[PDB]
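Starting off, we have a lone chain in the form deposited in one PDB entry, written out as structure tokens.
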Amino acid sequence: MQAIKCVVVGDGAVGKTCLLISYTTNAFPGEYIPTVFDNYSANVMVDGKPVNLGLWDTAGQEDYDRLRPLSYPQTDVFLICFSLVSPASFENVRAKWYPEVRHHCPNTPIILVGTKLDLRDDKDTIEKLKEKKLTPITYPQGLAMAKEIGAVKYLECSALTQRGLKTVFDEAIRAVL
């Protein structure tokens, strides 16, 4: 049965750990957001074909440019993530994440994931951004970034509501099959 290593990369603002927890437990953790998600694997069926999906977090390695690539070899698919309500994380897809992932893994598929979809329409989040002369990241912006990096898909999700969340990981697997 096919084994799949999927690594999750991107800025601290994406909520990488919360994403993975919410996905694997089928619930936003709410009460307390754990800082630790340990390497995970489970059987999921996608388009019939059953598969063993492996998930690695990288939270905590955001400042260690030489330690991060220790996780990259033999990855089957990357999720490169940014938060929809952090333009700085979005720009880092291009400045930081894509270059290193490509440098180490030139032929590995990338899914581009915008997280915190639940905040893109949130008045307080919007106003906090307007006070810095910024706005949330919209759909065509993600599509244009996906195209620029060679991403096979651009997908938007919320760990909070689960909207789009299961699809992210379905599509990660489809990108390998």
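If you superpose the two forms and keep the largest set of C-alpha atoms that fall within 1.5 Å, you have the rigid core. All residue numbers refer to positions in the sequence shown, first residue = 1. Only residues modelled in both forms are compared.
Looking at 79-87 and 98-106 together, the entry lists the larger mean B-factor for 98-106, computed on C-alpha atoms.
Comparing 41-49 with 140-148, the higher mean C-alpha B-factor in the PDB entry belongs to 41-49.
Take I126, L55, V113, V36 and read off each C-alpha B-factor from the entry; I126 has the highest. Ranked by C-alpha B-factor against the other modelled residues of its chain, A3 falls in the highest third. In the PDB entry, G60 places in the lowest third of its chain by CA B-factor. For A27, the recorded CA temperature factor ranks within the lowest third of the chain's modelled residues. Per the PDB record, residue ranking by Cα B-factor puts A175 in the highest third of the chain.
Annotation for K16: CA B-factor lies in the lowest third of the chain's modelled residues.
Missing here is the form deposited in another entry; even so, the following discussion is about that form.
Candidate set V152, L143, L129, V46; criterion, C-alpha shift of 2 Å or more between the shown form and the other one after rigid-core fit; matching residue, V46. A59 is among the residues whose C-alpha shifts by 2 Å or more between the shown form and the other one once the rigid core is aligned.
The pair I33 and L160 separates in the other entry: their C-alpha atoms are at least 3 Å more distant from each other than in the form depicted. Relative to the shown form, the CA atoms of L143 and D47 are pushed 3 Å or more farther apart in the other entry.
By the rule of 2 Å per CA over three or more consecutive residues, the rigid core superposition between the shown form and the other one yields shifted runs at 27-38, 46-50, 59-64.
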